[PDB]
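First the structure, in the form of structure tokens, and then the observations on it.
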Amino acid sequence: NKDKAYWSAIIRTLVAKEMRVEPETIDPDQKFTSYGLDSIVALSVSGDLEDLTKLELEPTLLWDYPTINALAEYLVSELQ
Numbered sequence: 002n003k004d005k006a007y008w009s010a011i012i013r014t015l016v017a018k019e020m021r022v023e024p025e026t027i028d029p030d031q032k033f034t035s036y037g038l039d040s041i042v043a044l045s046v047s048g049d050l051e052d053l054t055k056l057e058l059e060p061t062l063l064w065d066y067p068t069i070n071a072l073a074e075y076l077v078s079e080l081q
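Under the deposited numbering, read the sequence shown as residues 2 to 81, first letter to last.
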């Protein structure tokens, strides 16, 4: 069941917890930086995703794939 929607829900949860807001308030297609996400948060989120996926994931992936859904798409690709 680990499709794009699965990873999108996980990433949204991680981002919302770091930003201290409810996940429903975050648009998964909006650029991370347009709602204030910074480098400390990018490191937190990518590191947590490493813990969950066993992948090596640089914090700059949140620049390269700059929305929740874009990052989810990347994870699916890496794990397929």
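Idealized CB from N, CA, C, for every residue including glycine.
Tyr7: buried (16+ other C-beta within 10 angstroms of its C-beta) or exposed?
exposed
Less than 8 Å between the CB atoms is what I'm expecting for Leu58 and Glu51, so what's the real figure, rounded?
5 Å
Are three or more beta carbon pairs between the region 19-26 and the region 62-73 nearer than 8 Å?
no
Using a Cβ-Cβ cut-off of 7 Å (strictly less than) and excluding sequence neighbours within five positions of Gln31, which residues of its own chain qualify?
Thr68
Which residues bound the alpha helix (DSSP H) around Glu19?
5-20
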